[PDB]
Structures are given as structure tokens and as C-alpha cells.
$ cat final-v6.txt   # compact mmCIF, C-alpha atoms
# COMPACT_ATOMS: atom_id res chain seq x y z
CA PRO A 1 -12.84 -20.33 -28.71
CA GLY A 2 -10.10 -20.42 -25.99
CA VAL A 3 -10.59 -19.16 -22.37
CA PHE A 4 -9.94 -15.40 -21.78
CA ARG A 5 -7.85 -14.95 -18.60
CA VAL A 6 -8.01 -11.74 -16.48
CA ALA A 7 -5.24 -11.20 -13.86
CA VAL A 8 -5.69 -9.06 -10.69
CA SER A 9 -3.92 -8.69 -7.31
CA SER A 10 -5.73 -10.60 -4.49
CA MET A 11 -4.69 -8.03 -1.82
CA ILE A 12 -6.68 -4.91 -2.99
CA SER A 13 -10.03 -6.38 -1.75
CA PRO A 14 -9.39 -9.63 0.18
CA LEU A 15 -12.50 -11.94 0.22
CA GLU A 16 -14.38 -9.54 -2.19
CA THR A 17 -12.30 -9.73 -5.45
CA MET A 18 -14.70 -11.98 -7.47
CA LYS A 19 -17.63 -10.03 -5.83
CA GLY A 20 -16.21 -6.76 -7.31
CA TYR A 21 -15.02 -8.15 -10.72
CA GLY A 22 -17.86 -10.69 -11.41
CA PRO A 23 -20.02 -8.26 -13.49
CA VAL A 24 -17.09 -6.92 -15.63
CA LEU A 25 -16.02 -10.58 -16.30
CA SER A 26 -19.66 -11.27 -17.46
CA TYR A 27 -19.40 -8.14 -19.70
CA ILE A 28 -16.11 -9.47 -21.22
CA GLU A 29 -17.83 -12.90 -21.88
CA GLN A 30 -20.69 -10.99 -23.63
CA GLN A 31 -18.33 -8.87 -25.81
CA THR A 32 -15.74 -11.67 -26.66
CA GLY A 33 -17.95 -14.84 -26.63
CA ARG A 34 -15.12 -16.50 -24.58
CA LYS A 35 -15.32 -18.08 -21.09
CA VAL A 36 -13.48 -15.71 -18.70
CA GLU A 37 -11.21 -16.97 -15.86
CA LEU A 38 -10.15 -14.63 -12.99
CA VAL A 39 -6.45 -15.26 -12.17
CA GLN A 40 -5.42 -13.86 -8.74
CA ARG A 41 -1.89 -13.37 -7.35
CA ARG A 42 -0.77 -11.79 -4.04
CA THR A 43 2.16 -9.73 -5.52
CA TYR A 44 2.39 -7.27 -8.47
CA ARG A 45 5.62 -9.09 -9.49
CA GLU A 46 3.63 -12.37 -9.95
CA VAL A 47 0.88 -10.57 -11.99
CA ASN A 48 3.55 -8.90 -14.23
CA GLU A 49 5.27 -12.30 -14.86
CA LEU A 50 1.88 -13.77 -16.02
CA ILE A 51 1.66 -10.81 -18.51
CA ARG A 52 5.29 -11.22 -19.69
CA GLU A 53 4.92 -15.04 -20.21
CA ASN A 54 1.55 -14.56 -22.06
CA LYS A 55 -0.15 -16.80 -19.39
CA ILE A 56 -3.11 -14.31 -19.22
CA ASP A 57 -4.85 -12.04 -21.79
CA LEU A 58 -5.82 -8.91 -19.73
CA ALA A 59 -4.62 -7.51 -16.35
CA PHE A 60 -5.77 -4.76 -13.95
CA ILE A 61 -2.37 -3.44 -12.77
CA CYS A 62 -1.16 -0.21 -11.20
CA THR A 63 1.15 2.62 -12.15
CA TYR A 64 4.73 1.36 -11.44
CA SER A 65 3.69 -2.19 -12.59
CA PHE A 66 2.47 -0.56 -15.87
CA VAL A 67 5.82 1.31 -16.38
CA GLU A 68 7.70 -2.05 -15.93
CA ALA A 69 5.16 -4.04 -18.06
CA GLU A 70 5.45 -1.56 -21.01
CA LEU A 71 9.18 -2.48 -21.29
CA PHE A 72 8.26 -6.13 -22.12
CA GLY A 73 5.48 -4.98 -24.53
CA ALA A 74 2.26 -5.00 -22.41
CA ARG A 75 -0.18 -2.66 -24.28
CA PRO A 76 -2.50 -0.19 -22.47
CA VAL A 77 -6.29 -0.70 -22.96
CA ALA A 78 -7.82 2.08 -20.82
CA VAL A 79 -7.82 3.70 -17.34
CA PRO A 80 -10.84 4.05 -15.03
CA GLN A 81 -12.51 7.47 -14.62
CA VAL A 82 -13.63 6.99 -10.95
CA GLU A 83 -16.67 8.85 -9.44
CA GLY A 84 -15.60 12.44 -8.53
CA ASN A 85 -12.57 12.17 -10.92
CA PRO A 86 -9.97 11.89 -8.11
CA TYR A 87 -6.25 12.66 -8.42
CA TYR A 88 -3.75 9.86 -7.56
CA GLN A 89 -0.83 10.30 -5.10
CA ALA A 90 1.06 8.63 -2.22
CA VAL A 91 0.50 9.95 1.35
CA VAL A 92 3.05 9.38 4.14
CA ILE A 93 1.22 8.91 7.49
CA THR A 94 2.34 8.93 11.16
CA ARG A 95 0.43 9.07 14.49
CA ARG A 96 -0.44 12.63 15.67
CA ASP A 97 1.01 11.64 19.13
CA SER A 98 4.32 10.32 17.60
CA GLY A 99 6.04 13.77 17.47
CA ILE A 100 7.05 12.74 13.87
CA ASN A 101 5.56 15.59 11.78
CA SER A 102 7.54 15.35 8.47
CA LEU A 103 9.15 12.76 6.14
CA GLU A 104 12.64 13.99 7.24
CA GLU A 105 11.74 13.22 10.92
CA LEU A 106 11.28 9.51 9.89
CA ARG A 107 15.09 9.13 9.41
CA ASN A 108 16.24 6.17 11.65
CA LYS A 109 12.55 5.18 12.27
CA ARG A 110 10.48 2.04 11.43
CA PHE A 111 8.60 2.28 8.10
CA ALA A 112 5.92 0.18 6.29
CA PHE A 113 5.71 -0.32 2.51
CA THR A 114 2.99 -2.40 0.77
CA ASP A 115 4.25 -4.20 -2.40
CA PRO A 116 7.82 -3.65 -3.77
CA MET A 117 6.19 -2.85 -7.18
CA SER A 118 3.63 -0.36 -5.69
CA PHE A 119 4.14 3.36 -6.56
CA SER A 120 1.96 4.72 -3.69
CA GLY A 121 3.15 1.94 -1.30
CA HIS A 122 6.93 1.97 -2.10
CA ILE A 123 8.45 3.49 -5.29
CA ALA A 124 7.19 7.12 -4.78
CA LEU A 125 9.12 7.22 -1.45
CA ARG A 126 12.26 5.37 -2.76
CA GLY A 127 12.30 7.99 -5.59
CA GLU A 128 12.13 10.97 -3.17
CA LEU A 129 15.02 9.65 -0.96
CA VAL A 130 17.40 9.90 -4.02
CA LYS A 131 17.31 13.72 -3.37
CA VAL A 132 19.35 13.14 -0.12
CA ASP A 133 21.53 10.26 -1.53
CA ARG A 134 19.66 7.62 0.53
CA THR A 135 17.58 4.47 -0.01
CA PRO A 136 14.87 3.23 2.39
CA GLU A 137 17.55 0.78 3.71
CA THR A 138 20.03 3.64 4.53
CA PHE A 139 17.29 6.16 5.64
CA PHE A 140 14.96 4.10 7.93
CA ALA A 141 16.04 1.92 10.90
CA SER A 142 13.90 -0.92 9.42
CA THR A 143 11.35 -1.46 6.62
CA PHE A 144 8.64 -4.07 6.05
CA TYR A 145 6.41 -4.94 3.03
CA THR A 146 2.83 -5.55 4.30
CA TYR A 147 1.31 -6.11 0.77
CA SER A 148 -1.77 -4.14 2.05
CA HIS A 149 -2.44 -0.35 2.28
CA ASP A 150 -5.00 -1.09 5.07
CA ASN A 151 -2.45 -3.24 7.01
CA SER A 152 0.26 -0.51 6.61
CA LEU A 153 -2.25 2.03 8.04
CA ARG A 154 -3.12 -0.41 10.91
CA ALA A 155 0.64 -0.90 11.68
CA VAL A 156 1.13 2.92 12.03
CA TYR A 157 -2.03 3.14 14.21
CA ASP A 158 -0.80 0.28 16.51
CA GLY A 159 2.77 1.74 16.78
CA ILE A 160 4.35 -1.34 15.09
CA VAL A 161 5.96 1.12 12.61
CA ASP A 162 6.53 4.91 12.93
CA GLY A 163 5.25 5.70 9.41
CA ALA A 164 3.91 4.29 6.13
CA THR A 165 3.37 5.34 2.50
CA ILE A 166 -0.13 4.45 1.17
CA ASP A 167 -2.58 5.30 -1.63
CA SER A 168 -4.38 8.64 -0.91
CA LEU A 169 -7.82 7.11 -1.81
CA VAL A 170 -7.30 4.19 0.68
CA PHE A 171 -6.47 6.76 3.43
CA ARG A 172 -9.63 8.78 2.52
CA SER A 173 -11.88 5.63 2.43
CA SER A 174 -10.35 4.21 5.68
CA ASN A 175 -11.01 7.58 7.49
CA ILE A 176 -14.75 7.36 6.46
CA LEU A 177 -15.17 3.66 7.53
CA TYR A 178 -12.89 3.87 10.66
CA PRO A 179 -12.98 7.53 11.83
CA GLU A 180 -11.36 6.74 15.27
CA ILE A 181 -8.28 5.22 13.49
CA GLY A 182 -8.15 8.19 11.03
CA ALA A 183 -8.38 10.74 13.90
CA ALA A 184 -5.10 9.35 15.41
CA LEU A 185 -3.20 9.66 12.05
CA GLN A 186 -1.75 12.66 10.13
CA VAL A 187 -0.52 13.08 6.51
CA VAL A 188 3.06 14.47 6.94
CA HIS A 189 4.09 14.29 3.23
CA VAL A 190 2.43 13.85 -0.20
CA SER A 191 3.99 12.60 -3.49
CA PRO A 192 3.63 14.05 -7.00
CA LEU A 193 0.42 13.21 -8.92
CA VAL A 194 0.36 10.19 -11.29
CA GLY A 195 -2.25 8.64 -13.59
CA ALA A 196 -5.08 6.20 -12.78
CA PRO A 197 -4.15 2.48 -12.63
CA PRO A 198 -4.22 1.08 -16.20
CA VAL A 199 -5.77 -2.02 -17.75
CA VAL A 200 -3.25 -3.76 -20.08
CA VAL A 201 -3.09 -6.78 -22.41
CA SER A 202 -0.29 -9.35 -22.77
CA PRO A 203 2.33 -8.69 -25.51
CA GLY A 204 1.08 -11.95 -27.15
CA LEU A 205 -2.61 -10.87 -27.47
CA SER A 206 -3.64 -10.61 -31.19
CA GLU A 207 -4.22 -7.11 -32.68
CA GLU A 208 -7.84 -8.28 -33.43
CA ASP A 209 -8.39 -9.27 -29.73
CA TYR A 210 -6.65 -6.02 -28.57
CA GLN A 211 -8.93 -3.80 -30.75
CA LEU A 212 -12.06 -5.78 -29.64
CA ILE A 213 -11.21 -5.48 -25.89
CA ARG A 214 -10.22 -1.76 -26.21
CA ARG A 215 -13.60 -1.00 -27.91
CA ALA A 216 -15.38 -3.10 -25.18
CA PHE A 217 -13.72 -1.05 -22.35
CA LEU A 218 -14.07 2.43 -23.98
CA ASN A 219 -17.81 1.79 -24.82
CA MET A 220 -18.60 -0.07 -21.52
CA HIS A 221 -20.67 2.91 -20.15
CA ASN A 222 -22.97 2.65 -23.28
CA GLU A 223 -23.84 -1.10 -22.72
CA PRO A 224 -26.44 -2.32 -20.13
CA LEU A 225 -24.21 -5.14 -18.75
CA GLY A 226 -21.28 -2.64 -18.97
CA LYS A 227 -23.17 -0.11 -16.75
CA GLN A 228 -23.73 -2.88 -14.10
CA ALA A 229 -19.97 -3.74 -14.17
CA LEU A 230 -19.01 -0.01 -13.82
CA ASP A 231 -21.51 0.56 -10.90
CA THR A 232 -20.12 -2.56 -9.08
CA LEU A 233 -16.52 -1.12 -9.33
CA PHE A 234 -17.63 2.55 -8.53
CA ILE A 235 -16.19 3.66 -11.94
CA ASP A 236 -18.03 6.19 -14.22
CA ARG A 237 -16.35 4.88 -17.44
CA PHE A 238 -13.04 3.73 -18.99
CA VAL A 239 -11.09 6.36 -21.00
CA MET A 240 -7.91 6.23 -23.14
CA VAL A 241 -4.50 6.18 -21.34
CA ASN A 242 -2.41 9.40 -21.31
CA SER A 243 1.17 8.00 -21.32
CA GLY A 244 2.38 11.41 -19.95
CA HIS A 245 0.53 10.73 -16.65
CA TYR A 246 3.25 8.07 -15.78
CA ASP A 247 6.39 10.02 -16.88
CA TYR A 248 7.30 10.93 -13.23
CA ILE A 249 7.34 7.15 -12.45
CA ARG A 250 9.47 6.44 -15.60
CA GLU A 251 11.96 9.15 -14.40
CA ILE A 252 12.35 7.91 -10.78
CA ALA A 253 12.39 4.26 -12.13
CA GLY A 254 15.65 5.26 -13.96
CA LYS A 255 17.20 6.93 -10.83
CA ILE A 256 16.12 3.79 -8.76

$ encode --input "final-v6.txt" --output "C-alpha cells"
Amino acid sequence: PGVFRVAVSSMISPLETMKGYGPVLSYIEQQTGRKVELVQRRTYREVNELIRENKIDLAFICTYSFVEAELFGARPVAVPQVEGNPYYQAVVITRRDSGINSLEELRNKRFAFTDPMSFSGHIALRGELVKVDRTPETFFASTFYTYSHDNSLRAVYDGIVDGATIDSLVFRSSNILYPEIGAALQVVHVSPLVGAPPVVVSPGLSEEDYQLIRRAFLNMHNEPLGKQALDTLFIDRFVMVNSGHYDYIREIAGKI
């Protein structure tokens, strides 16, 4: 049978992407009987275009990318239930010594985003500025897309930008690994809660292949090779998507 292609962003875990995904790819080979190819792209836009053009079978995407991918018929497989069952939100960070202690105090300041199609790294904040009839372009003095939550955090720490919007779990993890960097930073604003990042299939994937891969993900925690894949990714199990968990993103997507 034909190769089974899995698409991911290269910028979540630079130099450790195949290290992290290797076991789940082996699990997909076991459950499908198909050779699996890992397809990496730097930007969420590039990953979404692979899904739209049916150039891949399965993709690990995030919340705004999922909202956009649904509109061209990408179908949800499952979401991860991560250890500790975290909640998902954007945090806006500044330096404690900046004197910038709120989102409103970042007007006319320098600001870092990650990926234009990131919720926690862009869209959450673009959505909130609608409240005051602004865009990032008409609110901040300048903006930059780093394509990395860690690099956005580093840019705030080094004073290259005045603030950034990043994933709450990256902030938490960074503060454990680099406590001296974390100590210099403050969360000045938090976004609404959204769902876990979903796994999707291409609109062109057969119903048979869709049902097979959905069963494989939802039963992964009950299979020995599945348990190894889940441990490697620090996921407890995959569970069914709750479409409601992304409605805030759908709403701000329509306000721009």
C-alpha cells in the first residue's frame, strides 16, 4: 500500500522532532501496515496548504490552524490529554524592570508574535485589540514574527521587544528549565481558554482510512507500542475533539 504522510511544524522542537514523533510514527505503521513519512514545515500556513492539497494524510496542527483547516474540509481525529490535564491559553509577558505592567501599557511599544497562524502566538492578541478598534499594526510601534515561543520569550528577556504573546505551557516549561530568565519576566495579561491542539486528516483521506486512524489514536493508550509513543510525547491518551472548545477562535476569526 501507499506511503502514509504525517505533517508537523519543525519549530515546536527544533532538532528533536523525529526524536519526539518516532514512536508514534512506528505505532501508525503497526496499525495501518503503511510506511510512514514525517513531513516537516517551518510555518503553519505551509502545513495547512499540504492538508488542503491532499499532499499528506495526517497532521498535528494547533487551534487557529484547525479552525482554518475545517473550512477546507480537514476532519478532526483526536486531541491529546496531556499529563496533569492542563488548560490552554495565551500569556502576554514583559520584563519586571520594564515598567510595562498591562497589555494597555504596550501601546506604541515593540511586540513579538510567533507564527501568523498561531492562536497563543498571534491571533488571541489580534482578537483582543478589536475591543479598542485597533490591530497590532495600529496598536504597537512595531511587530515581528519569530516563529518560536522560546525565541519570543528570549527577545522580551534581552529587551529586543517590550512584550510577547506565547503559549502558557511554554512559559511554564521555560521557567522550570531557565529559572533566571523566568524570574526577570511577568505575565501582564492572559487570553480566554481554548481546546488542546487537534490531530486532523486531509479532506481527501478515505472514510475507511479516517475510521482506522481515529480508532488507532483513541485506543493508543491500550496498545503496548501506543503506550511507548504516548510516554515519548508526555501525553496520557488521545480523546475525541469537543468542537465547542474552539468557538472563541471561530468568533474572533470572523472579527479579524

$ closest_residue --input "final-v6.txt" --among "A:98, A:60, A:121, A:113" --to "residue A:75" --atoms "only C-alpha atoms"
A:60

$ atom_distance --input "final-v6.txt" --atom1 "atom CA of residue A:143" --atom2 "atom CA of residue A:114"
10.2 Å

$ residues_near_point --input "final-v6.txt" --point "(-10.9, -17.8, -22.5)" --cutoff "6 Å" --atoms "all atoms listed in the file" --output "VMD selection string"
chain A and resid 2 to 5 34 to 36

$ closest_residue --input "final-v6.txt" --among "A:69, A:106, A:194, A:117" --to "residue A:248" --atoms "all atoms listed in the file"
A:194

$ atom_distance --input "final-v6.txt" --atom1 "atom CA of residue A:90" --atom2 "atom CA of residue A:123"
9.5 Å

$ residues_near_point --input "final-v6.txt" --point "(16.3, 11.5, -7.5)" --cutoff "10 Å" --atoms "all atoms listed in the file" --output "list in words"
residues 126, 127, 128, 129, 130, 131, 132, 133, 134, 251, 252, 253, 254, 255 and 256 of chain A

$ residues_around --input "final-v6.txt" --residues "residue A:105" --least-positions-apart "2" --cutoff "12 Å" --atoms "all atoms listed in the file" --output "number ranges by chain"
A: 92-94, 98-103, 107-111, 139-140, 162-163, 188-189

$ atom_distance --input "final-v6.txt" --atom1 "atom CA of residue A:243" --atom2 "atom CA of residue A:63"
10.6 Å

$ closest_residue --input "final-v6.txt" --among "A:42, A:221, A:96, A:215" --to "residue A:235" --atoms "only C-alpha atoms"
A:221

$ closest_residue --input "final-v6.txt" --among "A:247, A:57, A:70, A:49" --to "residue A:28" --atoms "only C-alpha atoms"
A:57

$ closest_atom_pairs --input "final-v6.txt" --of "stretch 182-224 of chain A" --to "stretch 166-175 of chain A" --cutoff "9 Å" --atoms "all atoms listed in the file" --output "CSV"
residue,atom,partner,partner_atom,distance
A:182,CA,A:175,CA,4.6
A:183,CA,A:175,CA,7.6
A:190,CA,A:168,CA,8.6

$ residues_around --input "final-v6.txt" --residues "residue A:245" --least-positions-apart "6" --cutoff "9 Å" --atoms "all atoms listed in the file" --output "ChimeraX atom specification"
/A:193-196

$ residues_around --input "final-v6.txt" --residues "residue A:48" --least-positions-apart "5" --cutoff "12 Å" --atoms "only C-alpha atoms" --output "number ranges by chain"
A: 7-9, 40-43, 53-74, 117, 200-203

$ closest_residue --input "final-v6.txt" --among "A:97, A:217, A:120, A:104" --to "residue A:159" --atoms "all atoms listed in the file"
A:97

$ closest_residue --input "final-v6.txt" --among "A:84, A:226, A:204, A:244" --to "residue A:52" --atoms "all atoms listed in the file"
A:204

$ build_atoms --input "final-v6.txt" --residues "stretch 35-51 of chain A" --atoms "N, CA and C atoms" --output "PDB file, keeping the file's coordinate frame"
ATOM      1  N   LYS A  35     -15.318 -17.836 -22.547  1.00  0.00           N
ATOM      2  CA  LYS A  35     -15.320 -18.080 -21.090  1.00  0.00           C
ATOM      3  C   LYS A  35     -14.185 -17.257 -20.490  1.00  0.00           C
ATOM      4  N   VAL A  36     -14.475 -16.557 -19.400  1.00  0.00           N
ATOM      5  CA  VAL A  36     -13.480 -15.710 -18.700  1.00  0.00           C
ATOM      6  C   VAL A  36     -13.087 -16.390 -17.389  1.00  0.00           C
ATOM      7  N   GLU A  37     -11.786 -16.446 -17.125  1.00  0.00           N
ATOM      8  CA  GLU A  37     -11.210 -16.970 -15.860  1.00  0.00           C
ATOM      9  C   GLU A  37     -10.525 -15.812 -15.136  1.00  0.00           C
ATOM     10  N   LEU A  38     -10.837 -15.619 -13.851  1.00  0.00           N
ATOM     11  CA  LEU A  38     -10.150 -14.630 -12.990  1.00  0.00           C
ATOM     12  C   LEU A  38      -8.922 -15.294 -12.380  1.00  0.00           C
ATOM     13  N   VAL A  39      -7.750 -14.737 -12.656  1.00  0.00           N
ATOM     14  CA  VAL A  39      -6.450 -15.260 -12.170  1.00  0.00           C
ATOM     15  C   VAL A  39      -5.928 -14.287 -11.117  1.00  0.00           C
ATOM     16  N   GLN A  40      -5.826 -14.731  -9.865  1.00  0.00           N
ATOM     17  CA  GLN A  40      -5.420 -13.860  -8.740  1.00  0.00           C
ATOM     18  C   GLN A  40      -3.998 -14.220  -8.315  1.00  0.00           C
ATOM     19  N   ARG A  41      -3.223 -13.202  -7.959  1.00  0.00           N
ATOM     20  CA  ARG A  41      -1.890 -13.370  -7.350  1.00  0.00           C
ATOM     21  C   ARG A  41      -1.746 -12.339  -6.233  1.00  0.00           C
ATOM     22  N   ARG A  42      -0.980 -12.680  -5.202  1.00  0.00           N
ATOM     23  CA  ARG A  42      -0.770 -11.790  -4.040  1.00  0.00           C
ATOM     24  C   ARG A  42       0.082 -10.579  -4.459  1.00  0.00           C
ATOM     25  N   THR A  43       1.145 -10.781  -5.243  1.00  0.00           N
ATOM     26  CA  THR A  43       2.160  -9.730  -5.520  1.00  0.00           C
ATOM     27  C   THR A  43       2.037  -9.209  -6.959  1.00  0.00           C
ATOM     28  N   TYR A  44       2.370  -7.937  -7.138  1.00  0.00           N
ATOM     29  CA  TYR A  44       2.390  -7.270  -8.470  1.00  0.00           C
ATOM     30  C   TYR A  44       3.453  -7.944  -9.339  1.00  0.00           C
ATOM     31  N   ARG A  45       4.561  -8.375  -8.736  1.00  0.00           N
ATOM     32  CA  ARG A  45       5.620  -9.090  -9.490  1.00  0.00           C
ATOM     33  C   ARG A  45       5.015 -10.336 -10.156  1.00  0.00           C
ATOM     34  N   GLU A  46       4.226 -11.115  -9.417  1.00  0.00           N
ATOM     35  CA  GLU A  46       3.630 -12.370  -9.950  1.00  0.00           C
ATOM     36  C   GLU A  46       2.660 -12.036 -11.094  1.00  0.00           C
ATOM     37  N   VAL A  47       1.831 -11.008 -10.919  1.00  0.00           N
ATOM     38  CA  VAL A  47       0.880 -10.570 -11.990  1.00  0.00           C
ATOM     39  C   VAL A  47       1.704 -10.192 -13.221  1.00  0.00           C
ATOM     40  N   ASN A  48       2.751  -9.378 -13.066  1.00  0.00           N
ATOM     41  CA  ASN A  48       3.550  -8.900 -14.230  1.00  0.00           C
ATOM     42  C   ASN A  48       4.186 -10.095 -14.952  1.00  0.00           C
ATOM     43  N   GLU A  49       4.625 -11.125 -14.231  1.00  0.00           N
ATOM     44  CA  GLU A  49       5.270 -12.300 -14.860  1.00  0.00           C
ATOM     45  C   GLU A  49       4.233 -13.080 -15.683  1.00  0.00           C
ATOM     46  N   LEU A  50       2.981 -13.175 -15.222  1.00  0.00           N
ATOM     47  CA  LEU A  50       1.880 -13.770 -16.020  1.00  0.00           C
ATOM     48  C   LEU A  50       1.711 -12.992 -17.333  1.00  0.00           C
ATOM     49  N   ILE A  51       1.804 -11.661 -17.288  1.00  0.00           N
ATOM     50  CA  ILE A  51       1.660 -10.810 -18.510  1.00  0.00           C
ATOM     51  C   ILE A  51       2.845 -11.110 -19.427  1.00  0.00           C
TER      52      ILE A  51
END
